[PDB]
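Note that the sequence shown covers residues -2 to 227, 250 to 705 in the entry's author numbering. Positions of the beta carbon are idealized from the N, C-alpha and C atoms, including for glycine. Structure first, commentary second.
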Amino acid sequence: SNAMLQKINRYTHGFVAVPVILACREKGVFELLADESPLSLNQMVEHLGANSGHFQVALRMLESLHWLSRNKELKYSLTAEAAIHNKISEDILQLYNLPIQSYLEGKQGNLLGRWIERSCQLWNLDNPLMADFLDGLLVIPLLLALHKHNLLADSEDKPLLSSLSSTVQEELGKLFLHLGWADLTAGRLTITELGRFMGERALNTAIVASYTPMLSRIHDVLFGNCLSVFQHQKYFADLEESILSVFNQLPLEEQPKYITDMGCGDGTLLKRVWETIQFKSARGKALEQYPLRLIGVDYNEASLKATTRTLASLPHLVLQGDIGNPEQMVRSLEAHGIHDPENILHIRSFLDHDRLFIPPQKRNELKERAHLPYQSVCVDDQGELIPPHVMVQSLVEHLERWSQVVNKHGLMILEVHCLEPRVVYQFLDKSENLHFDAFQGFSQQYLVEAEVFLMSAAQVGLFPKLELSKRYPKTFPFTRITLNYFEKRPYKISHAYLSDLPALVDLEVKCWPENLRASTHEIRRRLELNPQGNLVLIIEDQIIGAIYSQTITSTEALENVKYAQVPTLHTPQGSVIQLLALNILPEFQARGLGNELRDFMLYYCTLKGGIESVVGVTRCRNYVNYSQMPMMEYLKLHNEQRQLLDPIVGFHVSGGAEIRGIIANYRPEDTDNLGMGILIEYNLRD
Ligand SMILES: Nc1ncnc2c1ncn2[C@@H]1O[C@H](CSCC[C@H](N)C(=O)O)[C@@H](O)[C@H]1O
Ligand SMILES: [Mn+2]
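Given below as structure tokens:
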């Protein structure tokens, strides 16, 4: 269940969170903020000799645990939750190196008797949340060890933990009883489905228990010589879903002839792709006439030979490569005798954030974004903090290198993303961000928000086929992983900056008559107050589209206001997005640009998080030819197809919006429709 994964999540939360809390407590982070409370990042890193980059990662984690509040001046303060640091006894760090492999084999004595008593005791803590963190340090190593021999199973053919010495039985039983992994029914231990499930999924946390050495020198990472030191399966299920779609397309003639996975690793991804294609798709039934060659790419020869072994009975090829240089790939593929790169489907899985960092190259594009409120945290080889806007700018030119190699078959990219501390806390144990974000930042990997990554592709002409693109975690209001099947499109989409006001005013006049143009004052307001609420569609360096939006407290706040008082609907902590306007030059209408721009903005607002719906008040264009009938009977009309007659309301409704009501005298100056504005809402379903 999700609830059990949450228990797993908070076990692995402490595995990472505890070393750093202790490290911060020893250098005096908490004692400091006990004084001089309001402090900046730079204020502290100077007063502590910290590595600003890695130390910021610690702050994000601590804020995400709501031990620190970060004010609008960006300075931190303690919270009441932060007082519990005093009772985390230091010696718990000894858990990371105990010989539990041998222990289960009966050759370490009563190794885990003193801890298990302290875990049965609430680690002498009056806080169940931290007691689960501490339990992690014991729990994580055990499950890994218990998993090498599937030791956690019910008591039918192997009575639960019956192969083991008397003491191991006694100690583990006392523990599994405390943690609820087993019940002593009928005077004999029998696992609980929690215990069973805790042992089955035991490898989710274990796999990333490889953080141990960095965690042991985490005090170095934060305050000393940091330089010396350096799991859903439906991620891939949906990835396979979109592969079938690609290899069931109309003519086999036009399916990709190559599938190149950047970041082969062991090659498991490629092999799963081929079996999906082999046994399920249409291509799999015509491989003798339309061969398909897998291609593996990776910069470590180690994993290059691991995929030669994995793909060994499969038509494949292997070569060395790097994400940062997609142009060497076509040339290496040229060297390996592939002269039709346009017939390659490109895929990759969770590596763009592990690219070798290039500094940003287009300094004007750097400064446009230097005020946007990114909440990426990233660290340089010197251990200092990289400004978010530099990283994102870096990301864009990284994506542009690839956009210039992407072909008709597109670019299918899974990727992982970080989260705002305020959101991590709200969903602390529903997501694994706290430890994953904390480590991937300590490890000099580069995580950005999902909305920002998708935007980064947008600004270079890469756009997700929303049909084959999926978001995760599906049923929560945050995006932590994205499956995007980026298409290359002949345009670009980007944020509107104040520099764009001249053209956006010119835009507003070419799209509407004077009595319907948006006030220049309004447009200025939209840009200044909604930096990430304004999307622009650029073709050949000119703006040809623009969708405006802001955040509102509710749809009920709207539906009770006139167009003139919209600016007074703005609420920064709103759970709904107001669609302010959708302007497309008449020269370039009837092309789908407006349709695509609309679809993109909706998905952009889904990845931001915390937005249940997108609503707006639109106009009718052809009521003035039917005004004899009421609006509501006109809105009911249908064109030659099964779509609404009116092209404006038609456009939003076809795009999935539902007409929610009519607003009387919303736009009085709109004489054609008698001042009536038609409210709309978009599903926005997960
Ligand atoms: N910058 C880069 N360019 C290309 N491949 C990269 C890369 N950085 C890392 N990789 C690849 O990503 C993979 C590491 S993850 C593979 C390990 C495997 N999943 C396991 O758990 O056992 C390796 O193939 C490595 O070569
Ligand atoms: Mn990584």
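Rounded to whole angstroms, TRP178 and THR164 show a C-alpha spacing of 18 Å.
Following the DSSP letters along the chain, one finds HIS365 inside the beta strand (DSSP E) bounded by residues 363 to 368.
Distance from the Cα of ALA150 is smallest, within the candidate group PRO125, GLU190 and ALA206, for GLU190. For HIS514, the beta-bridge partners assigned by DSSP are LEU554. Taking a cut-off of 8 Å on C-beta distances, the segment 297 to 307 does not touch the segment 390 to 402, as fewer than three cross pairs fall below it. Apart from the 5 residues on each side of it in sequence, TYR701 sits with its Cβ closer than 7 Å to the Cβ of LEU621, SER632, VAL633, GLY675 and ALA676 in its chain, given in chain order. Around the beta carbon of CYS117, fewer than 16 other beta carbons sit within 10 angstroms, so the residue counts as exposed. In the structure shown, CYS624 adopts helical secondary structure according to DSSP, grouped into three states.
Residue environment for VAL643: exposed (fewer than 16 other C-beta atoms within 10 angstroms of its C-beta).
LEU140 and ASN344 have their C-alpha atoms roughly 40 Å apart.
According to the DSSP secondary-structure assignment, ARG374 is paired through a beta bridge with no residue. Every beta strand (DSSP E) of 3 residues or more that sits fully in the segment 535 to 588 is shown, in chain order, as 553 to 558 and 561 to 571. Beta-bridge partners assigned by DSSP to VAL17: none are found. Looking at the backbone, the Cα of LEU134 and that of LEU122 are separated by about 16 Å. If the five residues before and after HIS82 are omitted, its C-beta is found closer than 7 Å to the C-beta atoms of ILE18, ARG22 and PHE27, all from its own chain and listed in chain order.
Spanning the alpha carbons of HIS657 and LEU663 requires a straight line of approximately 4 Å. A straight line joining the alpha-carbon of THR326 with that of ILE596 spans about 46 Å.
As the crow flies, the alpha-carbon of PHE455 is around 33 Å from that of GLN166. Counting along the chain, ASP129 sits inside the alpha helix (DSSP H) bounded by residues 125 to 145. It is roughly 15 Å from the alpha-carbon of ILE97 to the alpha-carbon of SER207. Under the rule that a run must span 4 or more residues, the alpha helix (DSSP H) segments found entirely inside the segment 402 to 430 read 407 to 422. By the criterion of at least three beta-carbon pairs nearer than 8 Å, the segment 560 to 567 is not in contact with the segment 665 to 675. Under the three-state reduction of DSSP output, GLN597 falls in the strand class. Taking C-beta atoms as the reference points, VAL218 and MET211 count as a pair closer than 8 Å. For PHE458, the enclosing alpha helix (DSSP H) has its first and last residue at 452 to 461. With 16 or more other CB atoms across the displayed protein chains lying within 10 angstroms of its CB, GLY315 is buried.
When beta bridges are read from the DSSP output, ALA676 appears opposite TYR701. If you look at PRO483, you'll find it in the beta strand (DSSP E) that goes 481 to 483. The DSSP-derived three-state label of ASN319 is coil. Secondary structure of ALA47 (DSSP, three-state): coil. Within the same chain, and ignoring the five residues on either side of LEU473 in sequence, the residues whose Cβ sits closer than 8 Å to its Cβ are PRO483, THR501, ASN503, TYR622, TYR623 and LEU626.
In the three-state reduction of the DSSP assignment, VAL643 falls in the coil class, being assigned neither a helical nor a strand state. In the structure shown, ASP180 adopts extended strand secondary structure according to DSSP, grouped into three states. Relative to the Cα of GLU197, the nearest Cα in the group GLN347, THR209, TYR254 and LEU143 belongs to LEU143.
8 Å or more divides the Cβ of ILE667 from the Cβ of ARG704. Of the heavy atoms belonging to ligand 1, at least one sits nearer than 7 Å to the Cβ of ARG374.
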